[PDB]
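Asker:
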Amino acid sequence: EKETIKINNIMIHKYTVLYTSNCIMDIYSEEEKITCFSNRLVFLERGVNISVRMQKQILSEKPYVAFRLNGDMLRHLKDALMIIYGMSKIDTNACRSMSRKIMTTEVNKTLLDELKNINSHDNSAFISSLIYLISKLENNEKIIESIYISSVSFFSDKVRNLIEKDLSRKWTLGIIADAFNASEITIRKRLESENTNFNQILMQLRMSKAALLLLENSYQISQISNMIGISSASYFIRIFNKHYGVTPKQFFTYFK
Amino acid sequence: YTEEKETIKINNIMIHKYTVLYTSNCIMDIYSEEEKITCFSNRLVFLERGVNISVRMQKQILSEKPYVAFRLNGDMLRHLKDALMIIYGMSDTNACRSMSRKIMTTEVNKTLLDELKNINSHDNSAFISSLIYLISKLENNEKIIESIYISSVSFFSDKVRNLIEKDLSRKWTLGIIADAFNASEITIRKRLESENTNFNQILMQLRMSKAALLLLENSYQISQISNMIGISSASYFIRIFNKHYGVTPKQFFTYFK
Ligand SMILES: CCCCCCCCCC(=O)O
Ligand SMILES: CCCCCCCCCC(=O)O
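Top to bottom, those sequences are chains B and A.
Count the first sequence with PDB author numbering and you get residues 8 to 263, in order.
Count the second sequence with PDB author numbering and you get residues 5 to 95, 98 to 263, in order.
1) Of the residues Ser215(A), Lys149(A), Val24(A), which one's Cα is nearest the Cα of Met105(A)?
2) Classify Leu222(B): buried if its beta carbon has 16 or more other beta carbons within 10 angstroms, exposed otherwise.
3) Over what stretch of residues does the beta strand (DSSP E) that includes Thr179(A) continue unbroken?
4) Under the criterion of a Cβ to heavy atom distance below 7 Å, does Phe262(B) qualify as lining ligand 1?
5) Along the chain, which unbroken stretches of the beta strand (DSSP E) at least 3 residues long are found entirely within the stretch 12-37 of chain B?
6) Given this structure, state the Cα-to-Cα distance separating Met32(B) from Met110(A), to the nearest angstrom.
7) Terminal residues of the continuous beta strand (DSSP E) containing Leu119(B)?
8) In chain B, which residues lie with their C-beta within 9 Å of the C-beta of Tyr92(A)?
9) Under 7 Å Cβ-Cβ, which residues of chain B neighbour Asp86(A)?
10) For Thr117(A), count neighbouring C-beta atoms within 10 Å of its own C-beta (all shown protein chains included) and say buried if the count is 16 or more, exposed if not.
11) Let me see if you follow: with CB-CB separation under 8 Å, is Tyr139(A) close to chain B or not?
12) Closest to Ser135(A) by CA distance: which of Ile19(A), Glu121(A), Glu145(A), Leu180(A) is it?
13) Please report the Cβ distance between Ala87(B) and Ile244(A), rounded to the nearest whole angstrom; I am assuming they are in contact, meaning their Cβ atoms lie under 8 Å.
14) Are the Cβ atoms of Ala218(A) and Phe258(A) separated by less than 8 Å?
15) How is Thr42(B) classed by DSSP in three states: helix, strand or coil?
16) Between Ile134(B) and chain A, is the shortest Cβ-Cβ distance under 8 Å, so that the two count as touching?
17) Return helix, strand or coil for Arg103(B), following the three-state DSSP convention.
18) I want to see whether chain B comes within less than 8 Å of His83(A), judged by CB atoms only; does it?
19) Applying the criterion that 16 or more other CB atoms from any shown protein chain within 10 Å of the CB defines a buried residue, is residue 289(B) buried or exposed?
20) Beta carbon of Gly54(B), beta carbon of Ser157(B): below 8 Å?
21) Could you tell me if the beta carbon of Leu219(A) falls within a distance shorter than 7 Å of some heavy atom in ligand 2?
22) Give the residues of chain B in contact with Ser142(A), contact being defined as C-beta atoms less than 8 Å apart.
23) In its own chain, which residues sit with a C-beta less than 6 Å from the C-beta of residue 3(B), not counting the 5 before and 5 after it?
24) Would you mind reading off the limits of the alpha helix (DSSP H) that contains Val166(B)?
25) Suppose the cutoff is 7 Å on Cβ atoms and the five residues either side in sequence are ignored; what does the same chain contact list for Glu113(A) look like?
26) Can you say whether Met210(B) is buried or exposed, counting buried as having 16 or more other CB atoms within 10 angstroms of its CB?
27) Are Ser142(A) and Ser131(B) touching if we call contact CB-CB under 8 Å?
28) Within the present structure, is the beta-carbon of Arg75(A) separated from the nearest heavy atom of ligand 2 by less than 7 Å?
29) Under 6 Å Cβ to Cβ from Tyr261(A), same chain only, skipping five residues before and after it: list those, please.
30) So does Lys21(A) have its beta carbon nearer than 7 Å to some heavy atom of ligand 2?
31) Am I right that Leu66(A) and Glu145(A) are in contact with their C-beta atoms under 8 Å? What's the rounded C-beta distance?
32) Going by C-alpha distance, which of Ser200(B), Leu174(B), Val49(B), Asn202(B) is nearest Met214(B)?
33) My understanding is that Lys85(B) touches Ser153(B), with C-beta atoms under 8 Å, so please give their C-beta distance in whole angstroms.
34) Between which two residues does the alpha helix (DSSP H) carrying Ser127(B) extend?
35) Just to check, is the beta-carbon of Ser215(B) closer than 7 Å to a non-hydrogen atom of ligand 1?
36) Who are the near neighbours of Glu68(A) in its chain, counting only those whose CB is closer than 7 Å to its CB and skipping five residues on each side?
Following this line, the structure appears as structure tokens:
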């Protein structure tokens, strides 16, 4: 009688738009809380780390519908949104708040129709539809801010881009210190000003790739483990359970 | 049955702003030069900035107005051009023209008709978003995007217009425009000849457009209008308006109200 699940330590690596087709989910980012009811839209700003508690309505269907944007697209939308609207200058990368990174609204019939006939194959049509949707929302300022913030490239993003070219290699701080011509102290203090370290980034990348590949339903567990750079399958199951809080079979069964 | 003539022919109309028109209740034939484009009952029409046309019009209901119109100023047109270039990608020769590439009718859907309905021209940005949404929904819309870019650049005739509009009732000559622009008279008329116009035509079109617009405000006498556009007498003004457009100011006002 488990139509509920708790998941820990999820990263949003792409600006994400979510629609609750059938679930109710509470979100604990750090030490706050935002709950999302049945029929709503959610805007998730790129680079937040959050934990979730979900309850489904119907078991024979999946909990939600998701739209994600890559970097080219995100930049385009930022550009055209700059042209159509104004330009703000809270450009100081200082104070954050969870309530400026997560947002929910109540979906209408007219928004729902356009949401229906969205097919993420025609790129320009997709950009048009998102701008149309944003225009119909009240207090949309908070969204445009979050779309600009997530368009700038930090040093951690360069480290990530470097790592993604060979995920099954065995990286160390010394090797990263070679590609960027600097010292280990320089690189570790640079990543320390953004409140992270090298092991954290490597772990988040590998567990993101694994969670995504599990849902394709076209590779054994050993194939996934060899793809992300891990010796044995049983070791991989231990680490997945310790990071996310559930087993790969439970994850797959819930989200199908 | 003479008072029941609710059909009309108008001559020498000049489009000074990119225009989107919706045939709420009439039927319309458009003779630009020596071609013809007809527009049926329930359709959308796209008119490219700077074309000169003549029109024949027949109403469906007599006690109501003929159509609904949207016009865009320069700032707004430029913004739409910019964001449009962003979304669809950058891609002029300025060679072959065609009246079939400057005036285009389409068939509007019911949901598009709704989006057009809930248009209130108070939120400026919202209008740009709705218009981009509409354009994306159109099949074979490439021919449209071209006409919005073509009419977004500033030509030499636009410099002449901007100079003259700062004092409409003054008495200009080709000599004065030849001094302000550091050049010769032959230079100026050969430059304007390459855009297919001359200076007297531009002056006359400007004065007749401002007048036709003021007539519909319904709050200025004829002598007031004539003084405002730079013309001596009211009777002279009526003569010129009738010769240019093909109808009398009473006929124009009575029809379009
Ligand atoms: C099952 C929830 C979907 C996301 C799971 C974690 C994947 C990282 C998201 C991303 O790459 O932007
Ligand atoms: C019913 C309109 C009669 C024609 C008047 C000419 C005005 C065109 C200038 C403009 O586009 O603003």
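Even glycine gets a Cβ: it sits at the ideal position worked out from N, Cα and C.
Answerer: Judging by the given coordinates:
1) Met105(A) has its Cα closest to that of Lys149(A), out of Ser215(A), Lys149(A), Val24(A).
2) With fewer than 16 other Cβ atoms inside 10 Å of its own Cβ, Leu222(B) counts as exposed.
3) From DSSP, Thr179(A) is part of no beta strand (DSSP E); its letter is neither H nor E.
4) Yes, the Cβ of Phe262(B) comes within 7 Å of a heavy atom of ligand 1.
5) Within the stretch 12-37 of chain B, the complete beta strand (DSSP E) runs of at least 3 residues fall at 23-26, 30-35.
6) Between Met32(B) and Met110(A), the C-alpha separation is close to 50 Å.
7) Run containing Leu119(B): none in the beta strand (DSSP E); it sits in the alpha helix (DSSP H), 116-123.
8) Residues of chain B passing the Cβ test: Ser131.
9) Per Cβ cutoff of 7 Å: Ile90.
10) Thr117(A) should be labelled exposed.
11) The Cβ of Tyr139(A) sits closer than 8 Å to at least one Cβ of chain B.
12) Checking every option, the nearest Cα to that of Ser135(A) belongs to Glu121(A).
13) 50 Å between Cβ atoms; not a contact.
14) Yes.
15) DSSP places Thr42(B) in the strand class (E or B) of the three-state scheme.
16) Answer yes: the Cβ-Cβ gap between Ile134(B) and chain A drops below 8 Å somewhere.
17) In this structure, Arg103(B) counts as coil in the three-state DSSP scheme.
18) With 8 Å as the cut-off, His83(A) counts as an interface residue toward chain B.
19) Absent from the structure is residue 289(B), since the part of chain B shown begins at 8 and ends at 263.
20) Yes; because the gap between Cβ atoms is below 8 Å, this pair is in contact.
21) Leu219(A) Cβ: within cutoff of ligand 2.
22) Neighbours of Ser142(A) in chain B, taken as residues at a C-beta separation under 8 Å, are given in chain order as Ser131, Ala132, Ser135, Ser136.
23) One cannot answer for residue 3(B) here, as it falls past the ends of chain B, which runs 8 to 263.
24) Note, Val166(B): alpha helix (DSSP H), 162-170.
25) Within the same chain, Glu113(A) has close Cβ partners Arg47.
26) Classification of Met210(B): exposed, given that the 10 Å Cβ count is below 16.
27) Yes, these two residues count as a Cβ contact at 8 Å.
28) Yes, the Cβ of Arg75(A) comes within 7 Å of a heavy atom of ligand 2.
29) Closer than 6 Å at the Cβ level, and outside the excluded window around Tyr261(A), lie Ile12.
30) It does: the Cβ of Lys21(A) is within 7 Å (strictly closer) of some heavy atom of ligand 2.
31) Between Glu145(A) and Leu66(A) the Cβ distance is about 35 Å, and since that is not below 8 Å, they are no contact.
32) By alpha-carbon distance to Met214(B), the top candidate from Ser200(B), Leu174(B), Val49(B), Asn202(B) is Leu174(B).
33) 11 Å between Cβ atoms; not a contact.
34) From DSSP, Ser127(B) is part of no alpha helix (DSSP H); its letter is neither H nor E.
35) Inclusion of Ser215(B) in the 7 Å shell around ligand 1 follows from its C-beta lying nearer than that to a non-hydrogen atom of the ligand.
36) Same-chain partners within the cutoff: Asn29.
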